[PDB]
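Colleague: just the first chains of my complex for now:
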Amino acid sequence: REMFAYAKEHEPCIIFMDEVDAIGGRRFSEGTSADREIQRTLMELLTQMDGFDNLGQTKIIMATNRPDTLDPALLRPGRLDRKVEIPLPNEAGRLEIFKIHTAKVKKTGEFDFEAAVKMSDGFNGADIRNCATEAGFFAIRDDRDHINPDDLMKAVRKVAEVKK
């Protein structure tokens, strides 16, 4: 109730719900232990939505890894209608993010980001950051705050191999 009232006063607002399975489950197994507290919560969100009060200067954004412990109520249009999925990047997306990460970074040599992109296949910004630090590790060892082009090629590949 407080969260909504304050959203209206302090509108525009993003209401960000971190991993929705606990206020928007499906039931454990159809059974209950504590999964009725989950239902008590969940009816309140559906009620505000269905209500006379309408979402347009208060926006709610739900986040969860998996859509397989969202409730069917939510998956039905009119309690969520917009569903953004997090995709594989373009070749273009990877380049921009490599360039951006190495811009704040100190380096010997102009870097060819274009090779770096080839050396991935769909790395989003977090994966790209692991590659940056990896290069940096051989630079702490090489007793420097700079990195070569040479480091960067090796670095992106070692991170790719250790996962997907």
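Modeller: Structure received. Numbers count the residues shown, from 1 in each chain, chains lettered A, B, ... in the order given.
Colleague: for chain A, what spans make up the helices?
Modeller: A:2-9, A:37-50, A:72-75, A:91-103, A:113-118, A:125-141, A:149-161 (DSSP state H).
Colleague: just send these back as JSON lines, with distance to residue A:60 and mean neighbour count too.
Modeller: C-beta here means a position set from N, CA and C on the backbone, and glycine is covered the same way. Output for the helices of chain A, formatted as JSON lines (distance: least, Cβ to Cβ, whole Å; neighbours: other Cβ atoms under 10 Å):
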{"stretch": "helix A:2-9", "distance to residue A:60": "9", "mean neighbour count": "12"}
{"stretch": "helix A:37-50", "distance to residue A:60": "8", "mean neighbour count": "14"}
{"stretch": "helix A:72-75", "distance to residue A:60": "11", "mean neighbour count": "14"}
{"stretch": "helix A:91-103", "distance to residue A:60": "27", "mean neighbour count": "16"}
{"stretch": "helix A:113-118", "distance to residue A:60": "36", "mean neighbour count": "17"}
{"stretch": "helix A:125-141", "distance to residue A:60": "24", "mean neighbour count": "16"}
{"stretch": "helix A:149-161", "distance to residue A:60": "35", "mean neighbour count": "17"}
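Colleague: quick one, which of those is nearest to residue A:59?
Modeller: Set against residue A:59 and scored by Cβ to Cβ, the helices of chain A come closest in helix A:2-9, at 8.7 Å.
Colleague: quick one: residue A:108 from residue A:153, how far?
Modeller: 14 Å (Cβ to Cβ, to the nearest Å).
Colleague: thinking again about what came up before, figure out which of the helices of chain A is closest to residue A:65.
Modeller: Of the helices of chain A, nearest to residue A:65 by Cβ to Cβ is helix A:125-141, at 13.8 Å.
Colleague: next, the most centrally placed residue in chain A: phi, psi?
Modeller: Taking Cα atoms, centre = their mean, the centroid of chain A lies closest to residue A:86, which sits 7.6 Å from it. When read as degrees, to the nearest 10, the backbone of residue A:86 gives phi -100, psi 120.
Colleague: right, and it touches residue A:124 too?
Modeller: Yes - applying Cβ atoms under 8 Å, one finds residue A:86 in contact with residue A:124, separated by 7.4 Å.
Colleague: residue A:131 contacts residue A:156, correct?
Modeller: Yes - under the criterion of Cβ under 8 Å, residue A:131 makes contact with residue A:156 at 4.6 Å.
Colleague: what's the spatially closest residue to residue A:88 that is not a sequence neighbour in contact with, if anything?
Modeller: Spatial nearest neighbour of residue A:88, excluding adjacent residues (Cβ to Cβ, 6 or more residues apart in numbering): residue A:122 at 3.8 Å. Counting by Cβ atoms under 8 Å, 6 or more residues apart in numbering, residue A:122 makes contact with A:88, A:89, A:94.
Colleague: then chain B, please:
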Amino acid sequence: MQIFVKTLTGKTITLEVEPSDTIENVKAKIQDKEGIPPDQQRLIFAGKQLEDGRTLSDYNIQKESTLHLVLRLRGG
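Modeller: Just below you will find chain B, in place on the chains above:
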């Protein structure tokens, strides 16, 4: 002369005294640096408890001698 008094905490402290000092004077000196009321102090030396009107010379307490300070666990 300088003598020693092993307090209740197990620690030795030093005291400056005269062979002419009485046990009452010494207890007063102990109260000064330890804070224990003379009427609560029981001093032992060589297995004897020291009496109030006697003096250090009476007991033959020379420099560097060690007195043991103890209180009391009344009962009956």
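Colleague: let's see the contacts of residue A:122 again after adding chain B.
Modeller: A:88, A:89, A:94 (Cβ atoms under 8 Å, 6 or more residues apart in numbering or on different chains).
Colleague: from residue B:36, how far out is the spatially most central residue of chain B?
Modeller: Centroid-nearest residue in chain B: residue B:43, 4.6 Å away (criterion: Cα atoms, centre = their mean). For residue B:43, the distance to residue B:36 (Cβ to Cβ) stands at 11 Å.
Colleague: find the residues that touch each one of those two.
Modeller: In contact with both residue B:43 and residue B:36: residue B:69, using Cβ under 8 Å, 6+ apart.
Colleague: list the contacts of residue A:159.
Modeller: A:127, A:130, A:131, A:134.
Colleague: circling back to that earlier point, verify the stated contact: the residue nearest to the centre of chain A with residue A:93.
Modeller: No - the criterion here is Cβ under 8 Å, and residue A:86 misses it with residue A:93 at 11.7 Å.
Colleague: give the residues shared as contacts by the two.
Modeller: With Cβ under 8 Å, 6+ apart as the test, residue A:86 and residue A:93 both reach residue A:124.
Colleague: starting at the chain centroid, how far to stretch A:101-121?
Modeller: 23 Å (Cα atoms, centre = their mean, to the nearest Å).
Colleague: only C-alpha atoms, please: export that stretch in CSV.
Modeller: Output of stretch A:101-121 as CSV, limited to C-alpha atoms (Å, rounded to 0.1, in the frame of the first residue of the first chain):
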residue,chain,number,x,y,z
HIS,A,101,35.4,-0.7,-21.3
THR,A,102,38.9,-0.1,-22.6
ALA,A,103,38.3,3.8,-22.8
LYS,A,104,38.4,4.2,-19.0
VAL,A,105,41.3,1.8,-19.0
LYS,A,106,45.1,2.7,-19.4
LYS,A,107,46.9,1.1,-22.3
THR,A,108,49.9,1.0,-24.5
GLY,A,109,48.9,0.9,-28.0
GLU,A,110,45.7,1.5,-30.0
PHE,A,111,43.5,-1.5,-29.5
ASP,A,112,41.7,-3.3,-32.3
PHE,A,113,38.4,-4.0,-30.7
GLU,A,114,37.3,-5.6,-34.0
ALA,A,115,39.4,-8.7,-33.5
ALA,A,116,38.1,-8.8,-29.9
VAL,A,117,34.6,-9.1,-31.1
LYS,A,118,35.4,-12.0,-33.4
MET,A,119,37.1,-13.7,-30.4
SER,A,120,33.5,-13.6,-28.7
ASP,A,121,30.3,-14.8,-30.3
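Colleague: next, count neighbours for residue 20.
Modeller: No chain in the question, so chain A it is. 19 (other Cβ atoms under 10 Å in any protein chain shown).
Colleague: I was thinking of chain B, sorry if that wasn't clear
Modeller: The burial count for residue B:20: 9, using other Cβ under 10 Å.
Colleague: here's chain C, drop it on:
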Amino acid sequence: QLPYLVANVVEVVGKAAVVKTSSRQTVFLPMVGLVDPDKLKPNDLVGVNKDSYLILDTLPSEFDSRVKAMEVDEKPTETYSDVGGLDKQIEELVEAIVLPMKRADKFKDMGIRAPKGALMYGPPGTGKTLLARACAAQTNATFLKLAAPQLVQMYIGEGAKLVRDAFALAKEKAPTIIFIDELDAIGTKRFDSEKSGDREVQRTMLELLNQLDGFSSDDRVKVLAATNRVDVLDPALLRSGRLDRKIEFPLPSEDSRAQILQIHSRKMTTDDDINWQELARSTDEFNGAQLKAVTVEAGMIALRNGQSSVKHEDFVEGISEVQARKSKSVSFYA
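Modeller: Following on from the chains above, chain C is added here:
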């Protein structure tokens, strides 16, 4: 003077101020400068009158009991001169956490961010726990053993608060390693519709990560989780500011067993003839903990024999007996 009334506030004509007492009651006092602004900060005990309901004084912070889920051990006694033969697991471990801690400034000038975290899986019974404490000693971190089942509370949120308090103390005590017994109760949430039940565990974890990336550039706190084997978890191995690093424990080799035996043989008597290298060839697919159990069995031979030391033979016979995970004695088949 105590007994006094404290108040645990969580709140950040003339001006009105709301105080939340731990007797779970909201009270009116004015904030017109009769009651100063600097006597309110969230998350904190502030000192309120019993029957006059007004903040005279502020008392130190506290929310629940202090160190309720945490064990505090300021600086383990162990070293990498006590734990040794684990050398390769020392290399991995040093590159992920120790170097970002030491050379924090260097990471700032370089202008990358610091990874703060590693996740280890792979077998202990080699001195995994022992290595963790070693790193703790070397960096001069405060070692905090935080048990994942204690959070996992059946009560509301309180567990979430515990995760935040851990960071809060960890940041004050910095350097720090938060060493997490289990991974089964900040994890194991599955991908099915039983991830509903396993909420408490998703929430403790999420917060600890959200909080690390919050402060990724600064290396103050380390997080280490330990298990026998890697479990199902939410993605977190893909990001520097989370638990980036995924470190494997392999098994020992002849050089490693032999160092581990030389550490063993200081502690206890020997007849000073015993050749670790030779015994190491004689043991196949032994781990560190199991070389330590051979030393005990070598002593059980000795105990029966009426010897107070051990000869080579005494150790050979020790290996033949069970250590309960692997024992070399095979020569039967007709």
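Colleague: the contacts of residue A:122 again please, chain C included this time.
Modeller: By Cβ under 8 Å, 6+ apart, the residues touching residue A:122 are A:88, A:89, A:94.
Colleague: quick one: the residue nearest to the centre of chain A from chain C, how far?
Modeller: 11 Å (Cβ to the nearest Cβ, to the nearest Å).
Colleague: right, and that residue touches residue A:125 too?
Modeller: No - applying Cβ under 8 Å as the test, residue A:86 and residue A:125 come out as separate, 10.9 Å apart.
Colleague: would stretch A:37-57 count as contacting chain C?
Modeller: Yes - using Cβ under 8 Å from any Cβ of the partner chain, stretch A:37-57 reaches chain C at residue A:38.
Colleague: ok, residue 71 - contacts?
Modeller: Chain wasn't specified; assuming chain A. Contacts of residue A:71 (Cβ under 8 Å, 6+ apart): A:24, A:25, A:26, A:42.
Colleague: actually it's chain C I care about, not the one you picked
Modeller: C:144, C:145, C:146, C:147.
Colleague: that older thread, what lines up beside the helix or strand hosting the residue nearest to the centre of chain B in the sheet?
Modeller: Using DSSP states H and E, residue B:43 maps to strand B:42-45. Under the criterion DSSP bridges, strand B:42-45 sits next to strand B:48-49 (antiparallel), strand B:66-70 (antiparallel) in its sheet.
Colleague: and the gap between the closest residue to chain C within chain B and residue C:177?
Modeller: Residue nearest to chain C within chain B (Cβ to the nearest Cβ): residue B:35, separated by 24.5 Å. Distance from residue B:35 to residue C:177, counting by Cβ to Cβ: 46 Å.
Colleague: now residue A:145
Modeller: Taken as Cβ to Cβ, the span from residue A:145 to residue C:177 is 26 Å.
Colleague: more neighbours: which of those two?
Modeller: Neighbours around residue A:145 and residue C:177, counted as other Cβ under 10 Å, are more numerous at residue C:177. The numbers are 24 against 20.
Colleague: find the nearest non-adjacent residue to the more buried one, please.
Modeller: residue C:222 (4.4 Å; Cβ to Cβ, 6 or more residues apart in numbering or on different chains).
Colleague: which of the three states applies to that neighbour?
Modeller: strand (DSSP: H, G, I helix; E, B strand; the rest coil).
Colleague: contacting residues around it?
Modeller: With Cβ under 8 Å, 6+ apart, residue C:222 has these contacts: C:97, C:101, C:116, C:117, C:118, C:141, C:175, C:176, C:177, C:178.
Colleague: distance of it from residue C:142?
Modeller: In terms of Cβ to Cβ, residue C:222 sits 10 Å off from residue C:142.
Colleague: overlap in contacts, the two.
Modeller: With Cβ under 8 Å, 6+ apart, residue C:222 and residue C:142 have common neighbours C:175, C:176, C:177.
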